[PDB]
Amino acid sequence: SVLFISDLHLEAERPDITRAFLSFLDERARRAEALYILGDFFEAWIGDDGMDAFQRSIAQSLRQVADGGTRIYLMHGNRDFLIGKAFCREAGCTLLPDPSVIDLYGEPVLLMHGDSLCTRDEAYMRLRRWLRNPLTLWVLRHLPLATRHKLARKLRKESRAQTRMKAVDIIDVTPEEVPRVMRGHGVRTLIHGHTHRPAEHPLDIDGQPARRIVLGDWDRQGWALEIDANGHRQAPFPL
């Protein structure tokens, strides 16, 4: 089987989430063929050169699972799009670009964090375009570590303020973007996170049934989607 998780937002001051995650690694990821982490794995990331002791311990926990034979794939989210090759080397995982199409039991499956689908949120679309601009990435990595933390705190503050003011349909995926992006990648299945609204959505693409599976966030309970050749199930479990 294969496991999909996202939106853990791991941080030193949420040991309840960390403990649930490590137990999940021991009890389920170790026995899986592969684990996919579809963004927002950490609460924030300023660059691999800024990794703290907590984040290094998480890398070491992933590495134990990777060394056991489980293939681990990590995709950026909007909290942690600065994760790089040094982290993945320590963690024994493979960095997957957003978007990525994988082969899952013979089916092409599209994987994304999900925030790129939130095209009705023009303020966020503008921020994302700036944050991912190579010129922005260039100047950001020239900031001292402490100053990067400052700017990350400022982005979190403004995001918390602004997101509270937005309507639900502004922060969720744009409905018409789903068939558009899925058709472009030639898939009938899309798995993403970001929206913190775990669900499976059936839809039509060109007169054919398709599905969009949304992974749950870990603020109140853990979540995992498990797929094998015979079926799939996403279910929560207590922290």
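The first residue of the sequence shown is number 1, and the count goes up from there.
K.L.:
Per the PDB record, is the mean Cα temperature factor higher over 145-153 or over 106-114?
P.N.:
Mean CA B-factor is higher for 106-114.
K.L.:
Where do the C-alpha atoms have the higher mean temperature factor in this entry, in 228-236 or in 3-11?
P.N.:
For C-alpha atoms only, the mean B-factor is higher in 228-236.
K.L.:
Among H201, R197, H192, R183, where is the Cα temperature factor highest, going by the PDB entry?
P.N.:
The listed residue with the largest C-alpha B-factor is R183.
K.L.:
Would you mind finding, among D48, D172, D206, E43, the residue with the largest C-alpha temperature factor in the entry?
P.N.:
Going by the entry's C-alpha B-factors, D206 comes out highest.
K.L.:
Would you mind ranking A59 by its C-alpha B-factor against the rest of the chain and naming the third, lowest, middle or highest?
P.N.:
Tercile = middle for this residue's CA B-factor.
K.L.:
Using only modelled residues of the chain, where does the Cα B factor of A53 rank: lowest third, middle third or highest third?
P.N.:
Its C-alpha B-factor, which the entry lists for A53, ranks in the highest third among residues of this chain.
K.L.:
Using the B-factor values recorded in the entry, state whether the Cα atom of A210 falls in the lowest, middle or highest third among the modelled residues of its chain.
P.N.:
CA B-factor rank for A210: middle third.
K.L.:
By the record's CA B-factor, is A29 among the lowest, middle or highest third of residues in the chain?
P.N.:
Tercile = highest for this residue's CA B-factor.
K.L.:
Taking the entry's C-alpha B-factors for this chain, is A66 in the lowest, middle or highest third?
P.N.:
CA B-factor rank for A66: highest third.
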